[PDB]
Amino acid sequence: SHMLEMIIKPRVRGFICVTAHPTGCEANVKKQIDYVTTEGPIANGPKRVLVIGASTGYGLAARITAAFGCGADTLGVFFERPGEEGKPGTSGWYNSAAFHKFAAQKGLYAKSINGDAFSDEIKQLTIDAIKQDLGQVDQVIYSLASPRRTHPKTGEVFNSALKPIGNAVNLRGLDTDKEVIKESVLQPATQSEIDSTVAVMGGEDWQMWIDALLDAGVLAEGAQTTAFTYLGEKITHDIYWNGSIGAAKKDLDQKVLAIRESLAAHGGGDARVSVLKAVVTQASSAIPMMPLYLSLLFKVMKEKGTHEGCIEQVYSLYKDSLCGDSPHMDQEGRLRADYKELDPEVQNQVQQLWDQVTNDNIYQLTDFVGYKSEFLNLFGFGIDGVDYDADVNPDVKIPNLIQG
């Protein structure tokens, strides 16, 4: 009778929210779109863009930036769960439904492919879509965050590890359920754990993608590809940059060589690793220390007027560096968009606060309030203008969605 609709509220445990709100996710996507259109157009951008990991976080922001900033037709790949009666879909599903809605309103092409981007099947479906619709693509954004990867050949399942390397580490953090500041000791990764992490979050699959598009002739001349990375403040180095996930990110710096080699022989193509700031996403919230680190960083950067989320960061990456006349390069040939997080004065303040925070001063020393708000926003909760009291049909459909 009324069974087709429901009132959807957050159900949160740690860094996991098992519900998502379709109306709220739509409004969140609209907010990011309106940011881009308010900042204004970006000149000399790609007009045909493939985003791998296009449904949430930085990849969603890249899709929105490319489409509503550069005016691009966009093809997205992601791995999300559709809604069904009584069972809300994932936020990325609802985000992507909204993206298709708003793109079509603006007369922009938007097609998506839902499935495992690590697989040959999904690469071929993507190839088929480009051939049918666009001819070629000018830019490929590589923005996957995953705990696992099934090798497309051997069928071996690799699982990522988020551990330090060498020595065990005493890592402080904020338990967001209990609101306590506490520490735990993380054991170092074994060689197998490191290899598995490089296999998942390293650059092999990115390479596989560019080669497959190349072989099929659906990569255009003067095209560009970038994969997102994080270097972070020195305080994050034990768990991130110099940890197992860092070994994977370091591999991007090496794969950006052979991939760039393949592309540069193809009409003068290129590849870069783009370094971005820490933001609240499904991925970051799951990394040890990150909820505490983000709570502090948010506070410090807000004090300086430099706080940004996904859309602000990616908009500036496109405008300043991917398409801009004065790009921000480092000594490694990485594109850097993260310098405001890495400023020595910011690092110093974050470090001082890191060593002062307790159960009783969390709200005086940090922006845990902001962290919590942004975390809920990911899932479509706490958004302006959304009536959370209203029943909603969780079964939200997407036109031009190819299910793998």
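Numbers follow the displayed sequence, beginning with 1.
- Higher mean CA temperature factor between 145-153 and 91-99: 145-153, per the PDB entry.
- Here the stretch with the larger average CA B-factor, out of 393-401 and 3-11, is 3-11.
- When the C-alpha B factors of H237, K163, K178, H307 are read from the deposited coordinates, the top value falls at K163.
- Comparing the listed residues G269, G76, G202, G83, the entry records the largest Cα B-factor for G269.
- Among the modelled residues of its chain, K182 has a C-alpha B-factor that falls in the highest third, as given in the PDB entry.
- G173: CA B factor in the middle third of modelled residues in this chain (values from the PDB entry).
- The deposited CA B-factor of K277 belongs to the lowest third of values across its chain.
- Per-chain ranking of the deposited C-alpha B factor places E345 in the highest third.
- Sort the modelled residues of the chain by CA B factor and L252 lands in the highest third.
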